[PDB]
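Below, in structure tokens: the form deposited in one PDB entry, a single chain.
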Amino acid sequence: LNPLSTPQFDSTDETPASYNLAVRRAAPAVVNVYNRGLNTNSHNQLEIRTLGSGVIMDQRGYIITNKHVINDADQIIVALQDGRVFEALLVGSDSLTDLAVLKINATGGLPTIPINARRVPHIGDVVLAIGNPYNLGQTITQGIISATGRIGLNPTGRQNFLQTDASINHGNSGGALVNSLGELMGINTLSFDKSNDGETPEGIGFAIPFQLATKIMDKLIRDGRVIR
């Protein structure tokens, strides 16, 4: 076999501006989550009661999602972008953060979300939201970090939310907010649909910061509940 390498050939065209690198790194670890409930008022068949997204946090099969998504589920289904579908067990949940942890049991290696514990999110950072709006299939939307928390009391009622204008819709809750490197910045929350005044908000969404999310996950895995 010839010991010398052959030239590698590459595109002859200019490179389009793109966040595909972040997508390739992060999106395989973001799953579609389905809450199925027995329809008691029919023949007890399972049906999708609500849906959202989730993030595979480690190779063992632990997944973070939102508690409201999986509340009162008779069966929780997790679908990966490679086509695999699993039934998940509920490990635990925390109402104070609206986070829940699921566990799946898989034979083949699981993709995991990139996490850089030393990365500090900054206002103005470009972010991608990854989730399953309206069950159309995994969708990537792009925005920036609009705020990283609040000092004063405010309409979210919270002080540590990330805020973003990456389009968030029903189905995105529990999914990932990542930066342009594919690093997890947060877990997207429920969508903000209507203002107190009755206006339709545009480009206003919230996420639980990743540092808090991982801390809560670890507690739920270890103890099955958050003791404070």
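Only the largest set of C-alpha atoms that superpose within 1.5 Å between the two forms is called the rigid core. When you see a residue number, it is the position in the sequence shown, counting from 1. Shifts are known only where both forms have a C-alpha.
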(request) Look at the other compared PDB entries that model both sides of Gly198, then say whether a third or more of them leave it out. (result) yes
(request) Compare the other PDB entries of this protein and indicate whether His43 is left unmodelled in at least a third of them. (result) yes
(request) Select between 4-12 and 217-225 the stretch whose C-alpha atoms have the higher average B-factor in the entry. (result) 217-225
(request) Report the stretch with the higher mean CA temperature factor, choosing between 125-133 and 67-75 on the basis of the entry. (result) 67-75
(request) Quick one: which of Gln159, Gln163, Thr40, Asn169 shows the highest Cα temperature factor in the PDB entry? (result) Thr40
(message) Highest recorded C-alpha temperature factor, please, choosing from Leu46, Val55, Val33, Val178.
(response) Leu46
(request) Taking the chain's C-alpha temperature factors as the reference, tell me which third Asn116 falls into: lowest, middle or highest. (result) middle
(request) Grab the CA temperature factor for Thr97 from the record and place it in the lowest, middle or highest third of its chain. (result) highest
(request) Please place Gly108 in the lowest, middle or highest third of its chain by C-alpha B factor as given in the entry. (result) highest
(request) Taking the values exactly as deposited, rank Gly203 by C-alpha B-factor within its chain and report the matching third: lowest, middle or highest. (result) middle
(request) Consider only the C-alpha atoms of the modelled residues in this chain, order them by B-factor as the entry records it, and name the third containing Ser173: lowest, middle or highest. (result) lowest
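From this point on, the text means the form deposited in another entry, which you will not see here.
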(message) Once both forms sit on the same rigid core, is the C-alpha displacement of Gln163 at or above 2 Å between this form and the one not shown?
(response) no
(request) Align both forms on the core first, then report whether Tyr62 has a C-alpha shift of 2 Å or more between this form and the one not shown. (result) no
(message) Aligned on the rigid core, do the two forms place the Cα of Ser195 2 Å or more apart, comparing between this form and the one not shown?
(response) yes
(message) Once the rigid core is fitted, tell me which blocks of three or more consecutive residues have Cα atoms all displaced by 2 Å or more between this form and the one not shown.
(response) 9-12, 156-159, 190-199
